[PDB]
$ cat structure-v7.cif   # mmCIF, C-alpha atoms
data_upload
loop_
_atom_site.label_atom_id
_atom_site.label_comp_id
_atom_site.auth_asym_id
_atom_site.auth_seq_id
_atom_site.Cartn_x
_atom_site.Cartn_y
_atom_site.Cartn_z
CA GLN A 392 94.03 -18.16 -83.81
CA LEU A 393 91.62 -20.54 -85.54
CA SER A 394 90.54 -17.79 -87.92
CA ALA A 395 94.20 -17.21 -88.79
CA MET A 396 94.69 -20.91 -89.53
CA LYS A 397 91.38 -20.89 -91.44
CA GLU A 398 92.42 -17.97 -93.65
CA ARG A 399 95.77 -19.69 -94.21
CA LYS A 400 93.82 -22.23 -96.30
CA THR A 401 90.56 -20.60 -97.37
CA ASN A 402 92.15 -17.38 -98.65
CA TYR A 403 94.12 -19.64 -100.98
CA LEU A 404 91.17 -21.80 -102.05
CA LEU A 405 88.79 -18.96 -102.84
CA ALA A 406 91.72 -17.31 -104.62
CA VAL A 407 91.77 -20.18 -107.11
CA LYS A 408 87.97 -20.25 -107.01
CA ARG A 409 88.13 -16.56 -107.90
CA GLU A 410 90.81 -17.41 -110.45
CA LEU A 411 88.55 -19.70 -112.48
CA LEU A 412 85.55 -17.44 -111.82
CA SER A 413 87.36 -14.61 -113.59
CA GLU A 414 87.53 -17.04 -116.51
CA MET A 415 83.75 -17.55 -116.34
CA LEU A 416 83.38 -13.81 -116.23
CA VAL A 417 85.14 -13.37 -119.58
CA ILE A 418 83.31 -16.46 -120.90
CA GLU A 419 80.08 -14.72 -119.97
CA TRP A 420 81.27 -11.40 -121.41
CA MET A 421 81.87 -13.34 -124.63
CA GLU A 422 78.22 -14.37 -124.64
CA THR A 423 76.44 -11.17 -123.59
CA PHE A 424 78.44 -9.29 -126.22
CA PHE A 425 77.56 -11.58 -129.14
CA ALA A 426 73.93 -11.75 -127.99
CA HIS A 427 73.91 -8.02 -128.74
CA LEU A 428 75.62 -8.66 -132.09
CA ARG A 429 72.85 -10.93 -133.35
CA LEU A 430 70.00 -8.56 -132.54
CA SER A 431 71.77 -5.56 -134.12
CA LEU A 432 73.93 -6.48 -137.12
CA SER A 433 73.15 -6.54 -140.81
CA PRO A 434 73.05 -10.01 -142.42
CA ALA A 435 76.38 -9.24 -144.10
CA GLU A 436 77.94 -8.19 -140.79
CA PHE A 437 76.99 -11.46 -139.09
CA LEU A 438 79.32 -13.61 -141.19
CA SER A 439 82.22 -11.16 -140.90
CA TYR A 440 82.00 -10.98 -137.10
CA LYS A 441 81.24 -14.67 -136.54
CA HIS A 442 84.56 -15.64 -138.11
CA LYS A 443 86.18 -12.95 -135.96
CA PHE A 444 84.32 -14.48 -133.02
CA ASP A 445 85.86 -17.86 -133.89
CA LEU A 446 89.35 -16.38 -134.08
CA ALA A 447 88.83 -14.39 -130.89
CA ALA A 448 87.94 -17.42 -128.79
CA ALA A 449 90.77 -19.38 -130.41
CA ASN A 450 93.43 -16.81 -129.46
CA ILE A 451 92.23 -15.42 -126.13
CA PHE A 452 91.06 -18.87 -124.98
CA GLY A 453 92.74 -21.43 -127.27
CA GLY A 454 95.40 -22.58 -124.83
CA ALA A 455 94.91 -25.06 -122.01
CA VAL A 456 93.35 -23.68 -118.84
CA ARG A 457 96.09 -22.86 -116.31
CA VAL A 458 94.00 -23.13 -113.13
CA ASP A 459 95.33 -26.63 -112.39
CA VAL A 460 93.96 -27.97 -109.09
CA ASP A 461 93.88 -31.49 -107.67
CA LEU A 462 95.86 -31.70 -104.39
CA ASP A 463 99.45 -31.22 -105.49
CA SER A 464 99.77 -27.81 -107.13
CA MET A 465 98.61 -26.72 -103.70
CA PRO A 466 101.45 -26.64 -101.14
CA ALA A 467 101.62 -28.95 -98.12
CA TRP A 468 99.58 -26.42 -96.10
CA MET A 469 96.31 -27.82 -97.48
CA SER A 470 96.59 -31.32 -96.05
CA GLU A 471 96.12 -30.63 -92.32
CA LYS A 472 93.07 -31.43 -90.17
CA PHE A 473 92.91 -29.17 -87.11
CA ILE A 474 91.78 -30.57 -83.77
CA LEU A 475 91.43 -28.71 -80.48
CA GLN A 476 91.10 -30.58 -77.19
CA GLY A 477 91.07 -29.31 -73.64
CA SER A 478 88.85 -28.49 -70.69
CA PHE A 479 88.13 -25.25 -68.84
CA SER A 480 86.85 -25.39 -65.27
CA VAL A 481 86.36 -22.87 -62.48
CA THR A 482 87.48 -23.94 -59.00
CA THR A 483 87.35 -22.39 -55.53
CA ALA A 484 90.63 -23.92 -54.49
CA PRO A 485 93.81 -22.86 -52.72
CA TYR A 486 97.12 -22.68 -54.54
CA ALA A 487 99.04 -25.59 -52.97
CA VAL A 488 102.66 -24.60 -52.54
CA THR B 69 68.60 -11.69 -122.65
CA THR B 70 69.57 -14.63 -124.90
CA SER B 71 70.75 -16.95 -122.09
CA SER B 72 73.67 -15.70 -119.90
CA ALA B 73 72.07 -12.75 -117.98
CA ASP B 74 71.16 -14.13 -114.53
CA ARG B 75 74.47 -15.99 -114.27
CA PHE B 76 76.53 -13.05 -115.54
CA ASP B 77 75.39 -10.57 -112.91
CA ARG B 78 75.77 -13.03 -110.02
CA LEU B 79 79.48 -13.69 -110.69
CA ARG B 80 80.28 -10.13 -111.74
CA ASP B 81 81.17 -9.53 -108.08
CA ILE B 82 84.05 -12.02 -107.97
CA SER B 83 85.09 -10.90 -104.47
CA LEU B 84 83.72 -13.87 -102.53
CA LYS B 85 82.85 -12.18 -99.24
CA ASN B 86 79.89 -14.52 -98.78
CA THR C 52 111.64 -9.75 -126.95
CA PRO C 53 112.33 -13.52 -126.77
CA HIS C 54 113.87 -12.84 -123.35
CA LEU C 55 110.58 -11.29 -122.22
CA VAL C 56 108.42 -14.17 -123.46
CA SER C 57 110.64 -16.73 -121.73
CA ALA C 58 110.61 -14.87 -118.40
CA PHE C 59 106.84 -14.42 -118.65
CA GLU C 60 106.28 -18.15 -119.22
CA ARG C 61 108.40 -19.10 -116.20
CA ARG C 62 106.65 -16.61 -113.90
CA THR C 63 103.05 -17.55 -114.72
CA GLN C 64 102.69 -21.32 -114.44
CA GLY C 65 99.28 -21.68 -112.79
CA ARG C 66 97.73 -18.24 -113.29
CA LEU C 67 95.47 -16.67 -115.89
CA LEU C 68 96.77 -14.58 -118.76
CA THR C 69 94.35 -11.67 -118.94
CA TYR C 70 94.63 -9.15 -121.77
CA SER C 71 94.82 -5.61 -120.41
CA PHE C 72 95.08 -2.38 -122.40
CA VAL C 73 97.70 0.18 -121.34
CA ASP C 74 97.52 3.83 -122.38
CA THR C 75 100.73 5.39 -123.63
CA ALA C 76 100.20 8.68 -121.78
CA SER C 77 99.43 6.98 -118.45
CA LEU C 78 102.99 5.63 -118.39
CA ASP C 79 105.50 7.77 -116.50
CA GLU C 80 108.83 9.16 -117.72
CA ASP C 81 110.57 5.92 -116.75
CA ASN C 82 108.47 3.66 -119.00
CA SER C 83 109.08 5.50 -122.24
CA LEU C 84 108.07 3.50 -125.30
CA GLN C 85 111.68 3.48 -126.50
CA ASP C 86 112.59 1.75 -123.23
CA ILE C 87 109.72 -0.76 -123.44
CA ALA C 88 111.08 -2.32 -126.64
CA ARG C 89 114.43 -3.02 -124.93
CA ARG C 90 113.50 -4.36 -121.47
CA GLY C 91 109.70 -4.36 -121.15
CA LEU C 92 107.23 -2.70 -118.81
CA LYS C 93 109.14 -2.23 -115.57
CA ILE C 94 106.79 -2.17 -112.58
CA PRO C 95 108.33 -0.32 -109.60
CA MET C 96 107.93 -1.20 -105.93
CA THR C 97 104.72 0.86 -105.73
CA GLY C 98 103.07 -1.14 -108.51
CA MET C 99 101.03 -0.43 -111.61
CA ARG C 100 97.34 -1.06 -112.12
CA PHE C 101 95.91 -2.94 -115.09
CA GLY D 1579 128.18 -8.35 -122.45
CA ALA D 1580 124.97 -6.70 -121.13
CA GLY D 1581 121.78 -7.65 -122.98
CA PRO D 1582 119.33 -9.74 -120.98
CA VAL D 1583 119.91 -10.26 -117.27
CA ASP D 1584 119.06 -13.89 -116.58
CA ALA D 1585 117.66 -14.41 -113.09
CA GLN D 1586 118.84 -18.01 -112.74
CA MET D 1587 122.48 -16.93 -113.20
CA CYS D 1588 122.29 -14.09 -110.66
CA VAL D 1589 124.16 -14.91 -107.46
CA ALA D 1590 123.76 -13.93 -103.80
CA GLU D 1591 126.97 -13.41 -101.82
CA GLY D 1592 127.56 -12.27 -98.27
CA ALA D 1593 127.92 -13.32 -94.66
CA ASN D 1594 124.28 -13.07 -93.49
CA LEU D 1595 122.46 -15.21 -96.05
CA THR D 1596 121.85 -18.10 -93.64
CA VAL D 1597 122.62 -16.37 -90.32
CA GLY D 1598 120.46 -13.53 -89.04
CA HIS D 1599 120.54 -11.33 -85.96
CA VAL D 1600 117.34 -9.91 -84.50
CA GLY D 1601 117.20 -6.16 -84.06
CA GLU D 1602 120.34 -5.56 -86.11
CA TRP D 1603 120.78 -4.67 -89.77
CA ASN D 1604 121.90 -7.71 -91.77
CA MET D 1605 123.55 -7.11 -95.14
CA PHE D 1606 123.93 -9.30 -98.21
CA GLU D 1607 124.76 -8.56 -101.83
CA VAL D 1608 122.96 -9.48 -105.05
CA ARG D 1609 125.04 -9.67 -108.23
CA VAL D 1610 123.51 -9.71 -111.71
CA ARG D 1611 124.84 -11.75 -114.63
CA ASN D 1612 123.66 -12.41 -118.18
CA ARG D 1613 122.94 -15.72 -119.93
CA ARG D 1614 126.60 -16.77 -120.04
CA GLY D 1615 127.62 -14.51 -117.14
CA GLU D 1616 129.67 -11.35 -117.68
CA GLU D 1617 128.70 -9.00 -114.79
CA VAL D 1618 126.12 -6.74 -116.45
CA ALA D 1619 126.72 -3.21 -115.19
CA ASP D 1620 123.65 -1.63 -116.82
CA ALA D 1621 121.08 -3.92 -115.22
CA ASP D 1622 118.56 -1.50 -113.69
CA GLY D 1623 115.86 -3.61 -112.04
CA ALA D 1624 114.23 -4.41 -108.73
CA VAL D 1625 115.08 -6.93 -105.99
CA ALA D 1626 112.38 -8.12 -103.59
CA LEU D 1627 112.53 -10.32 -100.49
CA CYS D 1628 109.03 -11.65 -99.82
CA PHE D 1629 109.10 -13.89 -96.74
CA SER D 1630 107.23 -17.12 -96.07
CA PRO D 1631 106.72 -18.94 -92.75
CA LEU D 1632 107.79 -22.53 -92.23
CA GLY D 1633 106.61 -25.07 -89.69
CA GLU D 1634 103.43 -26.53 -88.25
CA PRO D 1635 100.68 -24.51 -86.55
CA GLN D 1636 100.98 -24.67 -82.76
CA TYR D 1637 99.31 -22.87 -79.87
CA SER D 1638 98.62 -23.06 -76.13
CA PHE D 1639 96.42 -20.90 -73.93
CA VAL D 1640 96.73 -22.29 -70.34
CA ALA D 1641 94.12 -20.64 -68.13
CA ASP D 1642 95.83 -18.95 -65.15
CA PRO D 1643 99.43 -19.36 -66.41
CA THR D 1644 100.86 -18.46 -62.98
CA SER D 1645 99.87 -21.48 -60.87
CA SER D 1646 101.11 -24.08 -63.37
CA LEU D 1647 104.32 -22.05 -63.95
CA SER D 1648 103.62 -22.24 -67.69
CA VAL D 1649 105.96 -19.62 -69.11
CA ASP D 1650 105.21 -21.08 -72.55
CA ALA D 1651 101.87 -19.27 -72.85
CA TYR D 1652 102.02 -16.44 -70.34
CA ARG D 1653 101.78 -13.91 -73.18
CA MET D 1654 98.82 -14.50 -75.46
CA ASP D 1655 100.58 -13.66 -78.74
CA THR D 1656 103.17 -16.42 -77.99
CA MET D 1657 106.19 -14.17 -77.46
CA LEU D 1658 107.24 -16.32 -74.49
CA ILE D 1659 107.14 -19.41 -76.72
CA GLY D 1660 109.62 -22.29 -76.56
CA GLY D 1661 112.82 -23.00 -78.44
CA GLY D 1662 113.82 -20.48 -81.08
CA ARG D 1663 110.33 -20.10 -82.61
CA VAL D 1664 111.28 -22.96 -84.94
CA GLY D 1665 108.45 -24.93 -86.50
CA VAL D 1666 105.84 -22.86 -84.64
CA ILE D 1667 103.28 -21.03 -86.80
CA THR D 1668 100.98 -18.87 -84.69
CA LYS D 1669 99.02 -15.90 -86.00
CA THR D 1670 102.08 -13.66 -85.60
CA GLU D 1671 103.96 -15.76 -88.17
CA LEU D 1672 100.89 -15.84 -90.42
CA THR D 1673 99.53 -12.30 -90.76
CA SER D 1674 102.43 -9.92 -90.10
CA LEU D 1675 105.81 -11.58 -90.92
CA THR D 1676 107.21 -8.29 -92.24
CA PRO D 1677 110.96 -7.79 -91.88
CA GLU D 1678 111.63 -4.39 -93.40
CA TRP D 1679 114.13 -4.57 -96.25
CA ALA D 1680 115.82 -1.93 -98.40
CA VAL D 1681 117.82 -2.06 -101.64
CA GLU D 1682 120.53 0.52 -102.47
CA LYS D 1683 121.55 -0.09 -106.09
CA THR D 1684 124.32 2.24 -107.26
CA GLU D 1685 124.34 4.02 -110.67
CA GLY D 1686 126.52 1.78 -112.83
CA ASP D 1687 128.18 -0.74 -110.52
CA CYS D 1688 127.00 -4.36 -110.44
CA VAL D 1689 126.18 -4.93 -106.74
CA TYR D 1690 122.76 -4.60 -105.14
CA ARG D 1691 123.13 -3.75 -101.46
CA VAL D 1692 120.31 -5.32 -99.45
CA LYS D 1693 119.73 -4.82 -95.72
CA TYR D 1694 117.00 -6.33 -93.54
CA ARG D 1695 116.04 -6.74 -89.90
CA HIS D 1696 113.24 -8.47 -88.01
CA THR D 1697 111.59 -8.27 -84.60
CA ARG D 1698 111.33 -12.03 -84.06
CA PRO D 1699 113.53 -15.13 -84.07
CA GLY D 1700 112.56 -18.12 -86.14
CA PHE D 1701 113.18 -20.19 -89.26
CA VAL D 1702 111.90 -18.57 -92.46
CA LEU D 1703 112.35 -18.75 -96.23
CA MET D 1704 113.75 -15.70 -98.02
CA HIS D 1705 112.49 -15.57 -101.60
CA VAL D 1706 115.29 -13.49 -103.10
CA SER E 152 72.61 20.62 -133.92
CA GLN E 153 76.31 19.86 -134.48
CA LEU E 154 78.05 17.58 -136.95
CA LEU E 155 80.48 15.53 -134.88
CA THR E 156 83.92 14.83 -136.23
CA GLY E 157 84.50 14.17 -132.54
CA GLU E 158 88.27 14.79 -132.86
CA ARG E 159 89.38 11.31 -133.91
CA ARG E 160 92.63 10.46 -132.16
CA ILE E 161 96.14 8.96 -131.96
CA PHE E 162 95.26 6.20 -129.49
CA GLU E 163 98.51 4.33 -128.92
CA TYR E 164 97.97 1.33 -126.66
CA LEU E 165 99.99 -1.61 -125.40
CA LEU E 166 98.16 -4.94 -125.38
CA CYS E 167 99.94 -6.30 -122.32
CA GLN E 168 99.31 -9.95 -121.50
CA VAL E 169 99.02 -9.29 -117.78
CA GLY E 170 99.28 -12.55 -115.86
CA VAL E 171 97.49 -12.12 -112.54
CA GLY E 172 96.90 -14.98 -110.18
CA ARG E 173 95.58 -16.06 -106.78
CA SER E 174 94.64 -12.46 -106.11
CA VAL E 175 93.79 -11.18 -102.64
CA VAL E 176 90.69 -9.03 -102.32
CA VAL E 177 91.80 -5.50 -101.46
CA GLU E 178 90.01 -2.16 -101.06
CA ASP E 179 90.83 0.98 -103.07
CA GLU E 180 94.28 1.80 -104.46
CA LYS E 181 95.61 3.76 -101.45
CA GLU E 182 96.30 0.57 -99.47
CA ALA E 183 97.42 -1.58 -102.44
CA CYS E 184 100.61 0.39 -103.02
CA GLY E 185 103.45 -2.11 -102.57
CA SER E 186 105.17 -0.49 -99.59
CA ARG E 187 102.17 -1.10 -97.31
CA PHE E 188 100.74 -4.52 -98.28
CA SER E 189 103.69 -6.89 -98.97
CA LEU E 190 102.03 -9.97 -100.49
CA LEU E 191 103.19 -13.53 -99.84
CA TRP E 192 104.82 -15.68 -102.52
CA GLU E 193 101.55 -17.53 -103.14
CA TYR E 194 99.30 -14.56 -103.87
CA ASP E 195 100.50 -12.56 -106.85
CA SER E 196 98.11 -9.64 -107.51
CA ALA E 197 95.61 -7.37 -105.75
CA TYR E 198 91.97 -7.13 -106.82
CA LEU E 199 90.82 -3.54 -106.35
CA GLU E 200 87.22 -4.16 -105.30
CA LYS E 201 85.85 -0.65 -104.72
CA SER F 152 71.24 -3.10 -56.72
CA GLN F 153 74.88 -2.73 -57.88
CA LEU F 154 75.01 -1.25 -61.39
CA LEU F 155 72.25 1.28 -60.68
CA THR F 156 74.40 2.81 -57.94
CA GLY F 157 77.43 2.15 -60.16
CA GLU F 158 79.95 0.85 -57.62
CA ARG F 159 83.58 1.92 -58.01
CA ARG F 160 85.58 0.32 -60.80
CA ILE F 161 89.03 1.85 -60.93
CA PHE F 162 91.15 2.44 -63.98
CA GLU F 163 94.83 2.34 -64.97
CA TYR F 164 95.80 5.06 -67.46
CA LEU F 165 99.00 6.57 -68.86
CA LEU F 166 99.42 10.34 -68.96
CA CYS F 167 101.73 10.60 -71.96
CA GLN F 168 102.99 13.75 -73.67
CA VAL F 169 102.35 13.42 -77.42
CA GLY F 170 104.43 15.55 -79.76
CA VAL F 171 101.72 16.33 -82.30
CA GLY F 172 103.15 19.11 -84.44
CA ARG F 173 101.70 20.53 -87.68
CA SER F 174 98.93 17.96 -87.98
CA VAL F 175 96.94 17.42 -91.16
CA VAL F 176 93.16 17.24 -90.87
CA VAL F 177 91.77 14.05 -92.40
CA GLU F 178 88.41 12.32 -92.01
CA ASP F 179 87.42 9.09 -90.23
CA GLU F 180 90.01 6.64 -88.88
CA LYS F 181 89.05 3.90 -91.39
CA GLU F 182 91.24 5.75 -93.91
CA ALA F 183 93.52 7.41 -91.35
CA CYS F 184 95.16 4.07 -90.52
CA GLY F 185 98.78 3.51 -91.45
CA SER F 186 98.05 0.78 -94.01
CA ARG F 187 97.01 3.39 -96.59
CA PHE F 188 97.88 6.82 -95.19
CA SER F 189 101.17 8.30 -96.39
CA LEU F 190 102.17 10.93 -93.77
CA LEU F 191 104.24 13.24 -95.96
CA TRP F 192 107.49 14.13 -94.24
CA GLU F 193 106.49 17.76 -93.62
CA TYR F 194 103.94 16.35 -91.15
CA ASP F 195 104.25 13.88 -88.30
CA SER F 196 100.66 13.56 -87.03
CA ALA F 197 97.10 13.28 -88.32
CA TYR F 198 94.27 15.36 -86.87
CA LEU F 199 90.85 13.74 -87.22
CA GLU F 200 87.68 15.42 -88.48
CA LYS F 201 84.09 14.12 -87.86
#

$ encode --input "structure-v7.cif" --output "structure tokens"
Amino acid sequence: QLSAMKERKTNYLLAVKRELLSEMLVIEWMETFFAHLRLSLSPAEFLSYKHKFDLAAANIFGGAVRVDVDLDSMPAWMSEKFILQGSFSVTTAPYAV
Amino acid sequence: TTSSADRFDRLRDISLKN
Amino acid sequence: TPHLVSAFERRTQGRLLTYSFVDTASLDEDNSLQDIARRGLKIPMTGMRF
Amino acid sequence: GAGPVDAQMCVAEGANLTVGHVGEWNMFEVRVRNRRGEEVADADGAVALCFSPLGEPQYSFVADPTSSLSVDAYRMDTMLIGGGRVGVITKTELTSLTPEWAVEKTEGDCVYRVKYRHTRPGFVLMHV
Amino acid sequence: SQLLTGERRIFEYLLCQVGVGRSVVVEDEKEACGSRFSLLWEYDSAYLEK
Amino acid sequence: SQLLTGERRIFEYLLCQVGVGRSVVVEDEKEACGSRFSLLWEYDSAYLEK
């Protein structure tokens, strides 16, 4: 049960962690690509593809980041604090009708 | 090479089964 | 279509907007390119990969 | 006056929108209208009914549920739970929650015929 | 050994702004097929891992 | 002195007649589960390989 209540929250929180990490993955794929541009292009090609690099990051990534997270875009499910009290005990006792 | 690298390959696997 | 861009904005409010490429031959007989200009890419109940 | 089929003007009509019977097929109709509303006949689309649970997470185990006469937690998946399964979110509400639903759109009329049934009682949200 | 024209082509693509969000990690395509997964209203896409 | 002799532990089983007819051979149960397997309507059972 506690794993089901855990994955009620943590499957949502690492979904938005994954959501912004997919953004870092395309941010990184921006950088590893252009690192290969600099080592390979002609000096004329660098200016033509740097301006296209400017316009690429201003049109794939120019808008505000839509991964908004403070406490409220989350539903009310992520405000609970589970507790679990009780006591198990083994007894050699009769049944006391 | 040229920065990135070691941080690119660690978050390539975005499935966070860690 | 302006209808398509308004419905897309309402659906995605806190999600990314990734840019996927879709081949024209991978689309089935339902999603003909004549039909896409009128209503958009209709995803059935099975679903389509991007 | 066909054209676009605005979702926010589509209407749901029927007798089993707010009342459901377990183990029996429950029918309701989905009608499609445009921006001003003129009963778009050629409105080929898809209607889905993803369900969400509602309530607070509750449980009980009770070791040896026969001596204490605790019928509340005799069965470990909380089938013998208390009143109406309302406000109770166990793992059965969380991982399965699949009432099978089917849509039977006709070939030029403007009604979507939707039927659904469930195995459990409770208090859920139907995202039509 | 061979000059390569390489049969240059008629690539017709659709740049679809696919808005995915709060994706659940899923195995290969055979189980992410719509009629057998049935996502919640929070999660909105399926990440095909393998 | 008990588990070496293996003292009687007695079982409760169900002898049930299963109507397996025209099975399809398919490999290990990890992909023979109903969350991904289709079971085309010509068939109504799934034989398992290694």

$ resolve_selection --input "structure-v7.cif" --expression "the PyMOL selection byres ((chain F) within 10 of (chain E))" --output "number ranges by chain"
F: 182, 184-189

$ closest_atom_pairs --input "structure-v7.cif" --of "chain D" --to "chain E" --cutoff "7 Å" --atoms "all atoms listed in the file" --output "Markdown table"
| residue | atom | partner | partner_atom | distance |
| --- | --- | --- | --- | --- |
| D:1628 | CA | E:191 | CA | 6.1 |
| D:1629 | CA | E:191 | CA | 6.7 |
| D:1630 | CA | E:191 | CA | 6.6 |

$ axis_aligned_box --input "structure-v7.cif" --around "segment 1621-1631 of chain D" --padding-each-side "4 Å" --output "lines of an AutoDock Vina configuration file"
center_x = 113.9
center_y = -10.2
center_z = -104.0
size_x = 22.4
size_y = 25.4
size_z = 30.5

$ residues_around --input "structure-v7.cif" --residues "segment 418-424 of chain A" --least-positions-apart "2" --cutoff "12 Å" --atoms "only C-alpha atoms" --output "ChimeraX atom specification"
/A:411-416,426-431,440-441,444-445,447-448,451-452 /B:69-80

$ calpha_fit_and_write --input "structure-v7.cif" --fixed "chain F" --moving "chain E" --output "PDB file with C-alpha atoms, in the frame of the given file"
ATOM      1  CA  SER E 152      65.159   1.809 -56.998  1.00  0.00           C
ATOM      2  CA  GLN E 153      68.737   0.490 -56.798  1.00  0.00           C
ATOM      3  CA  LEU E 154      71.663   1.513 -54.625  1.00  0.00           C
ATOM      4  CA  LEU E 155      74.580   1.944 -57.012  1.00  0.00           C
ATOM      5  CA  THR E 156      77.989   0.717 -55.999  1.00  0.00           C
ATOM      6  CA  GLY E 157      78.445   0.943 -59.758  1.00  0.00           C
ATOM      7  CA  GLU E 158      81.328  -1.584 -59.718  1.00  0.00           C
ATOM      8  CA  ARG E 159      84.210   0.781 -58.978  1.00  0.00           C
ATOM      9  CA  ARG E 160      87.218  -0.239 -61.042  1.00  0.00           C
ATOM     10  CA  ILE E 161      90.948  -0.836 -61.626  1.00  0.00           C
ATOM     11  CA  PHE E 162      91.409   1.953 -64.177  1.00  0.00           C
ATOM     12  CA  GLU E 163      95.077   1.806 -65.129  1.00  0.00           C
ATOM     13  CA  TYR E 164      95.973   4.618 -67.514  1.00  0.00           C
ATOM     14  CA  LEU E 165      99.098   6.026 -69.114  1.00  0.00           C
ATOM     15  CA  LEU E 166      99.312   9.819 -69.183  1.00  0.00           C
ATOM     16  CA  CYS E 167     101.215  10.004 -72.458  1.00  0.00           C
ATOM     17  CA  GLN E 168     102.527  13.425 -73.442  1.00  0.00           C
ATOM     18  CA  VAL E 169     101.550  12.995 -77.078  1.00  0.00           C
ATOM     19  CA  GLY E 170     103.293  15.605 -79.207  1.00  0.00           C
ATOM     20  CA  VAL E 171     101.215  16.169 -82.333  1.00  0.00           C
ATOM     21  CA  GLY E 172     101.984  18.889 -84.804  1.00  0.00           C
ATOM     22  CA  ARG E 173     101.091  20.482 -88.141  1.00  0.00           C
ATOM     23  CA  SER E 174      98.328  17.928 -88.510  1.00  0.00           C
ATOM     24  CA  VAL E 175      96.578  17.272 -91.813  1.00  0.00           C
ATOM     25  CA  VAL E 176      92.797  17.097 -91.741  1.00  0.00           C
ATOM     26  CA  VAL E 177      91.779  13.511 -92.475  1.00  0.00           C
ATOM     27  CA  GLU E 178      88.465  11.631 -92.521  1.00  0.00           C
ATOM     28  CA  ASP E 179      87.705   8.549 -90.400  1.00  0.00           C
ATOM     29  CA  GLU E 180      90.324   6.030 -89.257  1.00  0.00           C
ATOM     30  CA  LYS E 181      90.099   3.643 -92.244  1.00  0.00           C
ATOM     31  CA  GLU E 182      92.161   5.964 -94.464  1.00  0.00           C
ATOM     32  CA  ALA E 183      94.547   7.210 -91.734  1.00  0.00           C
ATOM     33  CA  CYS E 184      96.255   3.850 -91.305  1.00  0.00           C
ATOM     34  CA  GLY E 185      99.923   4.455 -92.142  1.00  0.00           C
ATOM     35  CA  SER E 186     100.209   2.148 -95.152  1.00  0.00           C
ATOM     36  CA  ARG E 187      97.768   4.244 -97.206  1.00  0.00           C
ATOM     37  CA  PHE E 188      98.469   7.907 -96.328  1.00  0.00           C
ATOM     38  CA  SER E 189     102.278   8.351 -96.033  1.00  0.00           C
ATOM     39  CA  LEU E 190     102.662  11.853 -94.568  1.00  0.00           C
ATOM     40  CA  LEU E 191     105.453  14.247 -95.528  1.00  0.00           C
ATOM     41  CA  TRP E 192     108.239  15.220 -93.129  1.00  0.00           C
ATOM     42  CA  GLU E 193     106.524  18.529 -92.351  1.00  0.00           C
ATOM     43  CA  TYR E 194     103.134  17.215 -91.256  1.00  0.00           C
ATOM     44  CA  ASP E 195     103.397  14.903 -88.271  1.00  0.00           C
ATOM     45  CA  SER E 196      99.908  13.705 -87.238  1.00  0.00           C
ATOM     46  CA  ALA E 197      96.421  13.099 -88.641  1.00  0.00           C
ATOM     47  CA  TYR E 198      93.336  14.838 -87.257  1.00  0.00           C
ATOM     48  CA  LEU E 199      90.423  12.405 -87.411  1.00  0.00           C
ATOM     49  CA  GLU E 200      87.607  14.837 -88.191  1.00  0.00           C
ATOM     50  CA  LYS E 201      84.539  12.588 -88.440  1.00  0.00           C
TER      51      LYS E 201
END

$ resolve_selection --input "structure-v7.cif" --expression "the PyMOL selection byres ((chain A) within 10 of (chain D))" --output "PyMOL selection string"
chain A and resi 392-396+398-399+468+471+473+475+477-481+486-488

$ resolve_selection --input "structure-v7.cif" --expression "the PyMOL selection byres ((chain A) within 7 of (chain C))" --output "short mmCIF file (atom, residue, chain, number, x, y, z; two decimals) with C-alpha atoms, keeping the file's coordinate frame"
data_model
loop_
_atom_site.label_atom_id
_atom_site.label_comp_id
_atom_site.auth_asym_id
_atom_site.auth_seq_id
_atom_site.Cartn_x
_atom_site.Cartn_y
_atom_site.Cartn_z
CA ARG A 457 96.09 -22.86 -116.31
CA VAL A 458 94.00 -23.13 -113.13
CA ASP A 459 95.33 -26.63 -112.39
#

$ closest_atom_pairs --input "structure-v7.cif" --of "chain A" --to "chain E" --cutoff "8 Å" --atoms "only C-alpha atoms" --output "Markdown table"
| residue | atom | partner | partner_atom | distance |
| --- | --- | --- | --- | --- |
| A:402 | CA | E:175 | CA | 7.6 |
| A:403 | CA | E:173 | CA | 7.0 |
| A:406 | CA | E:173 | CA | 4.6 |
| A:407 | CA | E:173 | CA | 5.6 |
| A:409 | CA | E:173 | CA | 7.6 |
| A:410 | CA | E:173 | CA | 6.2 |

$ residues_around --input "structure-v7.cif" --residues "residue 99 of chain C" --least-positions-apart "5" --cutoff "12 Å" --atoms "all atoms listed in the file" --output "list in words"
residues 71, 73, 77, 78, 79, 82, 92, 93 and 94 of chain C; 169, 180, 183, 184, 185, 196, 197 and 199 of chain E

$ closest_residue --input "structure-v7.cif" --among "A:474, A:467, A:404, A:449" --to "chain B" --atoms "only C-alpha atoms"
A:404
